[PDB]
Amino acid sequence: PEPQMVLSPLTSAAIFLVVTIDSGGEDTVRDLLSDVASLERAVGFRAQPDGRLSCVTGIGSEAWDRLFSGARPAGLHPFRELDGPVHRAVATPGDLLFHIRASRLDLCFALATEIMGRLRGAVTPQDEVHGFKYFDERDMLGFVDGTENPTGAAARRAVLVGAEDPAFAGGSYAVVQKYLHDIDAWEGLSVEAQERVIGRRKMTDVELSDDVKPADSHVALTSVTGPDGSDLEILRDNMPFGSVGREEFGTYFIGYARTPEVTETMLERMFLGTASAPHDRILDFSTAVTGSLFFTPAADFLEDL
């Protein structure tokens, strides 16, 4: 079973499109899903091999039940809201996700145009973010973002559904959150204080050692080991976005994993805290304004419709 392009090369541009399916829109949607791979080739092939255009399509829980019948992915549910003492992770509507990536924005925009052209009148846009790599893989807080992502076989094993849910092997679960940062507040910290929030050094991206890294740093709370001692990992492809006029500086978070349990555990630790940590310090400078969960099927599941 061929997976979608969840494991992509590093790409410098992305469009994230989240839509809801209008009443009556189900058939239009199904026809599009069966064509999305061929549109990806048509737009992408003439810019090979530099273009690295790919589109990962995801389907939400309530939408899955309107479109298909029979067996469902084992872990597919609506994003679970987290009501922490201080910080909250909201859930927002989203039936379909298009995660469109390439080495240039225009390829992204051309593919998005074709997809929404086929869907006009069946869907309603909920979110559209045009993302860009910032410098040397930095995010909007000025830290390198991506460094501890798994690679190669460790990545395939962390992100692709296997034997545990055989009918959906080759699929993945994507969680999306749009975050806005309070840059004024962040920039009032010293660099050393910022490093204590993230858990790594700013200029060199070296992890802080275990004897200085705080329990409420981001890296501390998103490190999770499983009952057998192995690391529980996700694949992230966070993108900066913003608008200077509106003072909007953002990180669009997207995390892929073989089951939503992994991602959800990390989220609980960040928002709700642990025995030793009230919450992830990064949330004192970052507000989530969207939250959705999607299942990204194997490519063959979409071809056969």
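So that there is no doubt, residue numbering starts at 1 and follows the sequence shown. So that the term is clear: the rigid core is the largest set of C-alpha atoms that superpose within 1.5 Å between two forms.
- Take 127-135 and 100-108, fit the other structures onto the shown form by the rigid core, and average the C-alpha distances in 8 other deposited structures of this protein: the farther stretch is 127-135.
- Averaged over CA atoms, B-factors in the entry run higher in 20-28 than in the other of 287-295 and 20-28.
- The mean Cα B-factor in the deposited entry runs higher for 223-231 than for the other of 130-138 and 223-231.
- In the deposited coordinates, the residue among 165, 211, 95, 182 with the greatest CA B-factor is 211.
- As recorded in the entry, 275 carries the highest CA temperature factor of 275, 239, 37, 59.
- Ranked by Cα temperature factor within the chain, residue 125 sits in the highest third according to the deposited record.
- Remark: residue 199 belongs to the lowest third of its chain, ranked by C-alpha B-factor as recorded.
- The entry lists a Cα temperature factor for residue 10 that places it in the highest third of the chain's modelled residues.
- Ranked within its chain, residue 259 lands in the middle third, by CA B factor from the PDB record.
- When the modelled residues of the chain are ordered by C-alpha B-factor, residue 72 sits in the middle third.
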